[PDB]
Amino acid sequence: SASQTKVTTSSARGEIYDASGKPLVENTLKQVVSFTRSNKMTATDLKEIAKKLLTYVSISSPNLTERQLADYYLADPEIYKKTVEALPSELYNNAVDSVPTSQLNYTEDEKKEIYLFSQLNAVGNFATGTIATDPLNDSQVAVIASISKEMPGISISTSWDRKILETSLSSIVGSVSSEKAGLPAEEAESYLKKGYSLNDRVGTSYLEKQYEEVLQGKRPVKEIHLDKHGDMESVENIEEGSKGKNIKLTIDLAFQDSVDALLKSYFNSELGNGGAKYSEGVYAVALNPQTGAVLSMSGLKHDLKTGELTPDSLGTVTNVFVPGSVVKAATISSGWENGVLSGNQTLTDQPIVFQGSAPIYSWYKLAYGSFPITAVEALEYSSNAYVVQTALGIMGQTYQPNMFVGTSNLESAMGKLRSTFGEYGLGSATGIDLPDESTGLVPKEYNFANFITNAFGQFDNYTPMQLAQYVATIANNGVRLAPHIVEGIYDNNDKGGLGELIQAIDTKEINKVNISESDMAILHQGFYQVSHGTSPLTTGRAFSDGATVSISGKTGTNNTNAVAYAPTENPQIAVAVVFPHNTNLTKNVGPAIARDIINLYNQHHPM
Ligand SMILES: [Zn+2]
Numbered sequence: 048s049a050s051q052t053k054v055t056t057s058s059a060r061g062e063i064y065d066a067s068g069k070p071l072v073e074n075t076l077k078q079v080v081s082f083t084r085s086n087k088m089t090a091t092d093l094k095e096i097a098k099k100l101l102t103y104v105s106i107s108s109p110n111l112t113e114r115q116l117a118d119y120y121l122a123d124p125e126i127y128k129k130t131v132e133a134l135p150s151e152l153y154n155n156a157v158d159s160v161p162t163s164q165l166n167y168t169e170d171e172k173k174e175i176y177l178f179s180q181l182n183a184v185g186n187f188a189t190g191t192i193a194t195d196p197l198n199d200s201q202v203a204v205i206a207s208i209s210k211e212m213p214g215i216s217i218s219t220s221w222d223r224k225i226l227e228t229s230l231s232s233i234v235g236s237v238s239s240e241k242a243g244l245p246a247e248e249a250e251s252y253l254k255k256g257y258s259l260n261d262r263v264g265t266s267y268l269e270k271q272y273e274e275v276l277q278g279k280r281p282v283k284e285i286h287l288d289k290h291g292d293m294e295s296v297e298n299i300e301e302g303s304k305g306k307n308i309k310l311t312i313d314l315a316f317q318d319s320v321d322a323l324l325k326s327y328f329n330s331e332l333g334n335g336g337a338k339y340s341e342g343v344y345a346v347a348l349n350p351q352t353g354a355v356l357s358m359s360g361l362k363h364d365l366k367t368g369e370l371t372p373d374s375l376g377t378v379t380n381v382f383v384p385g386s387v388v389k390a391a392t393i394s395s396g397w398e399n400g401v402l403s404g405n406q407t408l409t410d411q412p413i414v415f416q417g418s419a420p421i422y423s424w425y426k427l428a429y430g431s432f433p434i435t436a437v438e439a440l441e442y443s444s445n446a447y448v449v450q451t452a453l454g455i456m457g458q459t460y461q462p463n464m465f466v467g468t469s470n471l472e473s474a475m476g477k478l479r480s481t482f483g484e485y486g487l488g489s490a491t492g493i494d495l496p497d498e499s500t501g502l503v504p505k506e507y508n509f510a511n512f513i514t515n516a517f518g519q520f521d522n523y524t525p526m527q528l529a530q531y532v533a534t535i536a537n538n539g540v541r542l543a544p545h546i547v548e549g550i551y552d553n554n555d556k557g558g559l560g561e562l563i564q565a566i567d568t569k570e571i572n573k574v575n576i577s578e579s580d581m582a583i584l585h586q587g588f589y590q591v592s593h594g595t596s597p598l599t600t601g602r603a604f605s606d607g608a609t610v611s612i613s614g615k616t617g618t630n631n632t633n634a635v636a637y638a639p640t641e642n643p644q645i646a647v648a649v650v651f652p653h654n655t656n657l658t659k660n661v662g663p664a665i666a667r668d669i670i671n672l673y674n675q676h677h678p679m
């Protein structure tokens, strides 16, 4: 029978780099007081160590918990034997812990040695823990190092402050927990199970959290074995510690910055002319449709209460917007999957009149009367009649003007429409490499009118990322890919910086949309004619106006959203622009913004 026990110490966190290698985070090296605890140190011994250490360190904002107050009170061996004396070893510690009031009389200078006592008390037997204090300077550290021998247990070691660098990707990088705030409390149990200490610093937000396993530094491990009582025999080493592995993003700072500037430019323009007065902002996501790589995620928040403009790149994955007409492709796709439409089917474009409700029109209203229209043309002219007749078909009915609609098949129809939408990413999880994306506002309580509006993008709300995946799906011929913001995992070179490739994050297929290849080609013809058409009803000629490459896309019609991919023949970029609640009917900047993003990218990475 011999006693076994192993202790661990954390290392430097890996760093985060943009597509070109610029660092986005900083490990600033610092020196800290460390404490190594022995099974032999009593609480009175620990008290004596705190008081000696208080002469050398500064303690500013001590926020002691009752648990800590009581531990310090009960340290006195005589006062512990007395407090349990009046009660009706671990169970005996906890019951005696509910026996004293925390209304104790400790001077402010007293509260300081209680804080330190706490820090020493938190360190497990034989382990080496950090003793959090105010920043120590070079001279202050040299004093402590020289008188360490007088406080057995105390030493000076090297730690690291984590800081985020001022860039447009600073919001996406996320946060890491302090060594004082320690391991996050509502998750403490699930980390201890993994191997983490109590005062470890771990990603609590966005990328730091998502790639925690990659960024966390490898630990140096030591074993200690115990004799008879459980006392230290010798201190043997198992594993030598190293800096965490690095991650490189798919986003390039230069490009991201130029998209932010372009969004601000268009937003102010629209704000100035009054069109954007009640608009919450403008968001843009550009993806690579062959891989799912995220090329930029930009956002500009306009506060409707003060008026201020602030960056909001996370809005692309957390905020939801009515999509408008850009979703017409997904509704037509649903008609094909549910046997309502056959290839490029001709419908009458007519006002849609249901009993007990206002007629439904398209943007051109009555200007051309009723006329035959194909699926290609339905996308090109952005026809509501077409998608409304399609939706009504999914519900099992043929449109006749003035019809009373039976709603016996409404849950089934809505389910089928949303199911198709979900295949494109609209209302479902995108797969993106962040801990918590919104999946959109998809209401479970709805009626017939809602089902119909949903068909032309006027009910379910989606995020800008979902809308980008949708059009990247069309660009990738129906094969929907998980977006990823990280490109590969990287080693470190000789002095803690971007070394060589460990594991390139590879493409992930999620599903393939259940439509024919020729049906997918009909959606491609539609999206092309939106931008290249010659009809008075053609809706997106602005996509082509000064384009350096051939753009295909779809406008959203209040609402000035747009989606696009390019080049048409061999798509390498797919973009979604979300510009909610813009009242300018005159000129539609949605397509213009998407074109410019695509031009921006083409100038940066030639296609
Ligand atoms: Zn051993």
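For the sequence shown, the residue numbers in the authors' numbering are 48 to 135, 150 to 618, 630 to 679.
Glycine included, each C-beta is placed from N, C-alpha and C at the ideal position.
Remark: three or more beta-carbon pairs, one from each stretch, lie closer than 8 Å, so the segment 165-183 and the segment 93-106 are flagged as touching.
Here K254 carries a coil assignment [DSSP, helix/strand/coil].
Excluding five sequence positions before and after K306, the CB atoms of its chain that fall closer than 8 Å to its own CB belong to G61, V275, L276, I550, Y551, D552, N553 and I563, given in chain order. Counting C-beta atoms within 10 angstroms of its own C-beta, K255 has fewer than 16 neighbours from the protein chains shown and is therefore classed as exposed. Exclusion of the five residues before and after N656 leaves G336 as the residues of its chain whose Cβ lies within less than 6 Å of its Cβ.
For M358, the enclosing beta strand (DSSP E) begins and ends at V355 to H363.
Under the three-state reduction of DSSP output, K306 falls in the coil class, being neither helix nor strand.
Not a single heavy atom of ligand 1 lies less than 7 Å from the C-beta of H545.
Residue nearest to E301 within the set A543, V54 and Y339 is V54 (criterion: CA-CA distance). Secondary structure of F517 (DSSP, three-state): coil. Relative to ligand 1, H286 has its C-beta within less than 7 Å of a heavy atom. The continuous stretches of alpha helix (DSSP H) do not include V343, which lies in the beta strand (DSSP E) extending over residues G342 to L348.
Going by C-alpha positions, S394 is about 13 Å away from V387. Per DSSP, the continuous beta strand (DSSP E) segment holding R541 begins and ends at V540 to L542. Taking C-alpha positions only, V346 is separated from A666 by approximately 10 Å. Just measuring C-alpha positions, the residue of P639, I645 and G486 sitting nearest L356 is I645.
Per DSSP, reduced to three states, the secondary structure at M475 is helical. Two segments are said to touch when three or more pairs of C-beta atoms, one from each, lie closer than 8 Å; by this definition the segment 348-363 touches the segment 312-322. Proximity to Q519 across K389, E506, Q527 and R602 peaks at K389, based on C-alpha coordinates.
Short note on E297: C-beta closer than 7 Å to some heavy atom of ligand 1.
Excluding its 5 nearest sequence neighbours in each direction, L287 has C-beta neighbours in its own chain below 6 Å: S50, listed in chain order.
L471 is positioned such that its CB atom lies closer than 8 Å to that of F509. According to the DSSP assignment, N186 belongs to no beta strand (DSSP E), since it is labelled neither H nor E. A buried status is given to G264, since no fewer than 16 other beta-carbon atoms sit within 10 Å of its beta-carbon. Looking at the DSSP output, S81 shares a beta bridge with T191 and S216.
Separation of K94 and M88 (C-alpha to C-alpha, rounded to the nearest whole angstrom) is 10 Å. Partner residues in the beta bridge of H286, as assigned by DSSP, are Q51 and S295. Put simply, the segment 61-77 does not touch the segment 163-170. Fewer than three CB pairs are less than 8 Å apart. Within the same chain, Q115 come within 6 Å of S179 by CB-CB distance, once the 5 residues on both sides are set aside. In the displayed model, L71 falls within coil according to three-state DSSP, outside both helix and strand.
At the C-beta level, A636 and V610 stay beyond 8 Å of one another. By the Cβ criterion, the segment 322-329 is not in contact with the segment 501-517, since fewer than three pairs of Cβ atoms, one from each stretch, lie closer than 8 Å. Between the alpha carbons of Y120 and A206 lies a distance of about 30 Å. Excluding sequence positions up to five before and after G457, its CB lies within less than 8 Å of the CB of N470 and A474, all in the same chain and listed in chain order. In the structure shown, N445 falls within a helical segment according to DSSP collapsed to helix, strand and coil.
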